[PDB]
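# So I've got this experimental structure, pasted below with the sequence.
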Amino acid sequence: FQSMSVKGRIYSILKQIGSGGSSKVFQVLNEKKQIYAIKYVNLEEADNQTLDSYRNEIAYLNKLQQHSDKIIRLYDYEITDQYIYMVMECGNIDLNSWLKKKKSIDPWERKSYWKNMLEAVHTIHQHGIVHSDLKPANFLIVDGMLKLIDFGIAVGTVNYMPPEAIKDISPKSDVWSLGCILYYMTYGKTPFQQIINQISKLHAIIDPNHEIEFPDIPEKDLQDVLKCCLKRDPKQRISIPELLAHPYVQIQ
Ligand SMILES: CN(C)C(=O)c1ccc(Nc2cc3c(cn2)cc(-c2cnn(C)c2)n3C(=O)OC(C)(C)C)c(Cl)c1
(Lines give C-alpha, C1' and ligand atoms only; values in the text may rest on other atoms or scores of the structure.)
Protein backbone atom coordinates (compact mmCIF):
# COMPACT_ATOMS: atom_id res chain seq x y z
CA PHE A 1 0.00 0.00 0.00
CA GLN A 2 3.01 2.37 0.60
CA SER A 3 5.60 3.82 -1.91
CA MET A 4 9.34 4.77 -2.07
CA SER A 5 11.68 6.50 -4.60
CA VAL A 6 14.99 5.07 -5.81
CA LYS A 7 16.86 7.22 -8.40
CA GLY A 8 13.73 9.02 -9.70
CA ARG A 9 12.00 5.62 -10.19
CA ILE A 10 8.89 4.83 -8.08
CA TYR A 11 8.31 1.45 -6.33
CA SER A 12 5.08 0.43 -4.60
CA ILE A 13 5.53 -1.81 -1.48
CA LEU A 14 3.74 -5.25 -1.65
CA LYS A 15 5.04 -6.73 1.71
CA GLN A 16 7.95 -6.54 4.21
CA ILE A 17 10.31 -9.53 3.57
CA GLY A 18 12.47 -9.02 6.67
CA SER A 19 13.99 -6.71 9.30
CA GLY A 20 17.09 -6.27 11.49
CA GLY A 21 19.76 -3.77 12.54
CA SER A 22 18.38 -0.42 11.18
CA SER A 23 17.59 -2.36 7.94
CA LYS A 24 14.24 -3.35 6.41
CA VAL A 25 13.91 -5.63 3.27
CA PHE A 26 10.64 -5.23 1.22
CA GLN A 27 8.96 -6.77 -1.84
CA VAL A 28 8.20 -3.97 -4.27
CA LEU A 29 6.57 -3.41 -7.69
CA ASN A 30 7.95 -0.79 -10.15
CA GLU A 31 6.21 1.49 -12.78
CA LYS A 32 6.56 -1.40 -15.38
CA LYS A 33 4.64 -3.68 -12.86
CA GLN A 34 7.80 -5.85 -12.26
CA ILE A 35 8.69 -7.48 -8.90
CA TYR A 36 11.90 -6.58 -6.96
CA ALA A 37 13.32 -6.46 -3.41
CA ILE A 38 14.37 -3.21 -1.78
CA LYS A 39 16.68 -3.17 1.23
CA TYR A 40 16.42 0.09 3.21
CA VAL A 41 19.38 0.81 5.57
CA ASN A 42 19.07 3.72 8.09
CA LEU A 43 22.48 5.40 8.68
CA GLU A 44 21.27 7.92 11.37
CA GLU A 45 22.95 6.05 14.31
CA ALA A 46 25.71 4.38 12.14
CA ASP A 47 29.49 4.94 12.60
CA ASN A 48 32.40 5.06 10.08
CA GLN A 49 33.40 1.38 10.68
CA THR A 50 29.72 0.38 9.92
CA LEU A 51 29.45 2.78 6.87
CA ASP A 52 32.64 1.47 5.33
CA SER A 53 31.59 -2.17 5.87
CA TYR A 54 28.22 -1.39 4.07
CA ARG A 55 30.03 0.57 1.30
CA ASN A 56 32.37 -2.46 0.92
CA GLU A 57 29.44 -4.99 0.64
CA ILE A 58 27.66 -2.78 -2.04
CA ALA A 59 30.99 -2.55 -4.01
CA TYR A 60 31.56 -6.33 -3.92
CA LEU A 61 27.88 -7.07 -4.75
CA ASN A 62 28.16 -4.57 -7.67
CA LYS A 63 31.45 -6.08 -9.04
CA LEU A 64 30.52 -9.76 -8.59
CA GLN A 65 27.32 -9.13 -10.64
CA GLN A 66 29.25 -9.67 -13.90
CA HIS A 67 31.22 -12.72 -12.71
CA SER A 68 28.31 -14.99 -11.63
CA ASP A 69 24.55 -15.51 -11.87
CA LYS A 70 24.82 -17.33 -8.50
CA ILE A 71 25.17 -13.87 -6.93
CA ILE A 72 21.96 -11.81 -6.28
CA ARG A 73 21.36 -9.26 -9.06
CA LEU A 74 21.65 -5.61 -7.84
CA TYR A 75 19.68 -3.43 -10.26
CA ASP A 76 20.06 -0.01 -8.70
CA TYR A 77 20.98 1.88 -5.54
CA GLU A 78 20.69 5.28 -3.82
CA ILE A 79 23.24 6.24 -1.12
CA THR A 80 23.07 9.32 1.07
CA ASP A 81 24.25 10.20 4.60
CA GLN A 82 20.77 9.34 5.99
CA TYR A 83 20.09 6.03 4.20
CA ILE A 84 20.76 3.38 1.51
CA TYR A 85 18.24 1.87 -0.95
CA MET A 86 19.24 -1.30 -2.80
CA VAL A 87 17.04 -2.52 -5.63
CA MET A 88 17.63 -6.23 -6.15
CA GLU A 89 15.99 -9.26 -7.74
CA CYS A 90 13.28 -10.95 -5.67
CA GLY A 91 13.70 -14.55 -4.59
CA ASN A 92 10.87 -16.93 -3.76
CA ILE A 93 12.18 -17.84 -0.23
CA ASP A 94 15.54 -18.15 1.64
CA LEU A 95 17.20 -21.62 2.01
CA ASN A 96 16.83 -21.67 5.85
CA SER A 97 13.00 -21.08 5.70
CA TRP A 98 12.60 -23.53 2.78
CA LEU A 99 14.52 -26.22 4.78
CA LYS A 100 12.59 -25.48 8.02
CA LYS A 101 9.21 -25.92 6.16
CA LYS A 102 10.25 -29.05 4.09
CA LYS A 103 9.80 -32.45 5.84
CA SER A 104 12.11 -34.18 3.22
CA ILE A 105 14.70 -33.03 0.62
CA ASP A 106 14.71 -34.64 -2.91
CA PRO A 107 18.21 -35.97 -3.95
CA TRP A 108 18.07 -33.99 -7.26
CA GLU A 109 17.11 -30.65 -5.68
CA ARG A 110 19.88 -31.32 -3.09
CA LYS A 111 22.63 -32.02 -5.72
CA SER A 112 21.41 -28.94 -7.70
CA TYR A 113 21.56 -26.61 -4.65
CA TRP A 114 25.00 -27.97 -3.67
CA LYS A 115 26.29 -27.14 -7.22
CA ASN A 116 24.85 -23.55 -6.89
CA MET A 117 26.41 -23.05 -3.39
CA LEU A 118 29.85 -24.21 -4.60
CA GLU A 119 29.72 -21.90 -7.71
CA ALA A 120 28.65 -18.87 -5.58
CA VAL A 121 31.25 -19.46 -2.79
CA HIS A 122 33.88 -20.31 -5.45
CA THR A 123 33.24 -16.87 -7.11
CA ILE A 124 33.73 -14.81 -3.90
CA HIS A 125 36.99 -16.77 -3.20
CA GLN A 126 38.31 -15.81 -6.68
CA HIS A 127 37.97 -12.13 -5.51
CA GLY A 128 39.81 -12.58 -2.20
CA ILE A 129 36.55 -12.81 -0.20
CA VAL A 130 36.13 -15.43 2.50
CA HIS A 131 32.65 -15.32 3.97
CA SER A 132 33.44 -17.20 7.29
CA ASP A 133 29.76 -16.94 8.43
CA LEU A 134 27.94 -19.23 5.98
CA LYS A 135 24.48 -20.51 7.00
CA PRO A 136 21.41 -21.48 4.85
CA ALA A 137 19.97 -17.96 5.55
CA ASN A 138 22.71 -16.42 3.23
CA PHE A 139 21.14 -18.38 0.32
CA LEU A 140 18.03 -17.51 -1.72
CA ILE A 141 15.94 -19.66 -4.02
CA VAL A 142 15.41 -17.69 -7.28
CA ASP A 143 13.57 -19.77 -9.97
CA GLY A 144 14.91 -23.17 -8.76
CA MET A 145 18.40 -21.65 -8.51
CA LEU A 146 20.32 -20.86 -5.30
CA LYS A 147 21.87 -17.38 -5.01
CA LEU A 148 24.28 -15.87 -2.43
CA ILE A 149 22.75 -12.88 -0.65
CA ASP A 150 25.79 -11.47 1.29
CA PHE A 151 29.61 -11.79 1.73
CA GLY A 152 29.93 -11.58 5.53
CA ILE A 153 31.52 -8.07 5.07
CA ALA A 154 28.61 -5.92 6.56
CA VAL A 155 21.57 -15.38 12.97
CA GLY A 156 24.47 -16.11 15.39
CA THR A 157 23.68 -19.89 15.27
CA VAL A 158 27.31 -21.36 15.69
CA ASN A 159 26.02 -24.74 14.18
CA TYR A 160 27.82 -23.99 10.84
CA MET A 161 30.94 -22.57 12.54
CA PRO A 162 34.37 -23.99 11.57
CA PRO A 163 36.75 -25.26 14.34
CA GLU A 164 39.37 -22.65 13.29
CA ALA A 165 36.89 -19.74 13.87
CA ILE A 166 36.32 -21.06 17.45
CA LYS A 167 40.12 -21.57 18.27
CA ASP A 168 40.44 -17.82 19.22
CA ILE A 169 40.39 -18.24 8.58
CA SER A 170 41.11 -19.32 4.96
CA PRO A 171 38.80 -20.34 2.00
CA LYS A 172 38.68 -23.79 3.80
CA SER A 173 36.55 -22.12 6.58
CA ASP A 174 33.66 -21.84 4.07
CA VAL A 175 34.09 -25.55 3.11
CA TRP A 176 33.30 -26.55 6.72
CA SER A 177 30.12 -24.33 6.68
CA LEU A 178 28.97 -25.57 3.23
CA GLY A 179 29.59 -29.14 4.55
CA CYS A 180 27.28 -28.45 7.59
CA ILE A 181 24.52 -27.08 5.19
CA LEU A 182 24.79 -30.23 3.03
CA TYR A 183 24.80 -32.37 6.21
CA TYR A 184 21.47 -30.72 7.22
CA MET A 185 20.06 -31.36 3.67
CA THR A 186 21.21 -35.03 4.00
CA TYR A 187 20.45 -36.07 7.60
CA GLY A 188 17.84 -33.45 8.62
CA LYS A 189 20.09 -31.93 11.32
CA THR A 190 23.46 -30.09 11.53
CA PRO A 191 26.38 -32.34 12.85
CA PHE A 192 26.08 -30.82 16.39
CA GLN A 193 22.33 -29.79 16.50
CA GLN A 194 21.83 -32.60 19.14
CA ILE A 195 23.94 -30.55 21.67
CA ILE A 196 21.50 -28.24 23.59
CA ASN A 197 24.30 -26.41 25.56
CA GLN A 198 26.13 -23.76 23.48
CA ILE A 199 29.50 -24.11 25.33
CA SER A 200 29.40 -27.97 25.08
CA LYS A 201 28.52 -27.43 21.33
CA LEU A 202 31.74 -25.31 20.95
CA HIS A 203 33.74 -27.87 22.95
CA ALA A 204 32.41 -30.64 20.60
CA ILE A 205 33.15 -28.84 17.28
CA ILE A 206 36.86 -28.29 18.04
CA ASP A 207 37.38 -31.70 19.85
CA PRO A 208 38.74 -34.40 17.42
CA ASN A 209 37.79 -37.24 19.86
CA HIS A 210 34.12 -36.20 19.32
CA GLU A 211 33.24 -38.36 16.28
CA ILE A 212 30.76 -36.87 13.76
CA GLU A 213 28.28 -39.63 12.89
CA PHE A 214 28.02 -40.26 9.13
CA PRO A 215 25.13 -42.83 8.81
CA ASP A 216 25.18 -45.02 5.66
CA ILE A 217 22.89 -43.66 2.86
CA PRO A 218 22.19 -44.83 -0.79
CA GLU A 219 24.40 -42.00 -2.14
CA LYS A 220 27.92 -43.07 -1.08
CA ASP A 221 29.26 -40.07 -3.20
CA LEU A 222 27.28 -37.64 -0.96
CA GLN A 223 28.77 -39.41 2.12
CA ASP A 224 32.36 -38.89 0.90
CA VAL A 225 31.67 -35.14 0.26
CA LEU A 226 30.44 -34.74 3.87
CA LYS A 227 33.40 -36.72 5.20
CA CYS A 228 35.78 -34.45 3.08
CA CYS A 229 34.24 -31.13 4.18
CA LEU A 230 33.87 -31.96 7.88
CA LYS A 231 37.64 -32.62 8.55
CA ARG A 232 38.50 -30.44 11.63
CA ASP A 233 41.97 -29.58 10.21
CA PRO A 234 41.75 -26.94 7.41
CA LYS A 235 44.90 -28.48 5.83
CA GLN A 236 43.21 -31.99 5.66
CA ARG A 237 39.85 -30.51 4.38
CA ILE A 238 38.87 -30.56 0.64
CA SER A 239 39.07 -27.32 -1.47
CA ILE A 240 36.15 -25.75 -3.50
CA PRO A 241 37.92 -26.48 -6.92
CA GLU A 242 38.24 -30.16 -5.81
CA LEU A 243 34.57 -30.22 -4.67
CA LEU A 244 33.55 -29.05 -8.19
CA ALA A 245 35.39 -32.01 -9.75
CA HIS A 246 33.91 -34.56 -7.23
CA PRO A 247 31.71 -37.42 -8.65
CA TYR A 248 28.75 -36.23 -6.50
CA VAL A 249 28.60 -32.91 -8.46
CA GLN A 250 29.70 -34.38 -11.85
CA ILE A 251 28.37 -37.88 -12.38
CA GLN A 252 24.92 -38.24 -14.06
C1 LIG B 1 10.43 -16.62 5.46
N2 LIG B 1 10.74 -15.50 4.54
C3 LIG B 1 10.93 -14.21 5.22
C4 LIG B 1 10.35 -15.59 3.18
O5 LIG B 1 9.49 -16.41 2.82
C6 LIG B 1 11.03 -14.74 2.15
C7 LIG B 1 12.41 -14.74 2.13
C8 LIG B 1 13.11 -14.14 1.11
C9 LIG B 1 12.43 -13.53 0.05
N10 LIG B 1 13.12 -13.02 -1.06
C11 LIG B 1 14.16 -12.08 -1.12
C12 LIG B 1 14.90 -11.76 0.06
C13 LIG B 1 16.01 -10.90 -0.11
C14 LIG B 1 16.32 -10.34 -1.40
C15 LIG B 1 15.54 -10.69 -2.48
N16 LIG B 1 14.47 -11.54 -2.39
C17 LIG B 1 17.49 -9.56 -1.26
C18 LIG B 1 17.94 -9.61 0.04
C19 LIG B 1 19.17 -8.99 0.54
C20 LIG B 1 19.46 -8.36 1.81
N21 LIG B 1 20.73 -7.87 1.82
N22 LIG B 1 21.26 -8.15 0.58
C23 LIG B 1 22.54 -7.60 0.12
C24 LIG B 1 20.35 -8.85 -0.20
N25 LIG B 1 17.01 -10.45 0.79
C26 LIG B 1 17.07 -10.78 2.17
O27 LIG B 1 17.91 -10.29 2.91
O28 LIG B 1 16.12 -11.71 2.59
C29 LIG B 1 15.98 -12.10 4.01
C30 LIG B 1 15.39 -10.92 4.75
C31 LIG B 1 15.00 -13.24 3.92
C32 LIG B 1 17.28 -12.56 4.65
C33 LIG B 1 10.99 -13.50 0.09
CL34 LIG B 1 10.03 -12.73 -1.22
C35 LIG B 1 10.28 -14.10 1.14
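Done, it's in. Numbers count the residues shown, from 1 in each chain.
# For the ligand, what is the nearest residue in the stretch 151-252 of the chain?
The nearest approach of the stretch 151-252 of the chain to the ligand comes at residue 154, 7.7 Å away (Cβ to the nearest ligand atom). For the C-beta atoms, the positions are set from N, CA and C on the backbone; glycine is no exception.
# ok, that residue touching residue 55?
No: between residue 154 and residue 55 there is no contact under Cβ atoms under 8 Å: 9.2 Å.
# Beta-bridge partners for the residue in the stretch 1-150 of the chain that the ligand sits nearest to, please?
With Cβ to the nearest ligand atom, the shortest gap between the stretch 1-150 of the chain and the ligand falls at residue 18, namely 2.6 Å. Beta-bridge pairing for residue 18 (DSSP bridges): residue 25.
# can you map out the helices along the stretch 1-150 of the chain?
48-63, 95-101, 107-125 (DSSP state H, counting those that start in this stretch).
# so can I have a markdown table of these showing distance to the ligand?
A markdown table is the format used below for those (distance: least, Cβ to the nearest ligand atom, whole Å):
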| stretch | distance to the ligand |
| --- | --- |
| helix 48-63 | 6 |
| helix 95-101 | 4 |
| helix 107-125 | 13 |
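# Could you export the ones you listed as TSV, including mean neighbour count and distance to residue 75?
Shown next, in TSV, are the helices of the stretch 1-150 of the chain (neighbours: other Cβ atoms under 10 Å; distance: least, Cβ to Cβ, whole Å):
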stretch	mean neighbour count	distance to residue 75
helix 48-63	14	11
helix 95-101	16	22
helix 107-125	19	19
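# May I see the ones you listed organised as CSV, with distance to residue 34 added?
Listed next are the helices of the stretch 1-150 of the chain as CSV, based on distance: least, Cβ to Cβ, whole Å:
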stretch, distance to residue 34
helix 48-63, 20
helix 95-101, 23
helix 107-125, 24
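# Show me what from the stretch 101-250 of the chain comes close to the ligand.
Applying Cβ under 6 Å from any ligand atom, one finds that the stretch 101-250 of the chain approaches the ligand through 137, 140, 149, 150.
# Would you check that the residue of the stretch 1-150 of the chain closest to the ligand makes contact with residue 24?
Yes: assessed by Cβ under 8 Å, residue 18 is found in contact with residue 24 at 7.4 Å.
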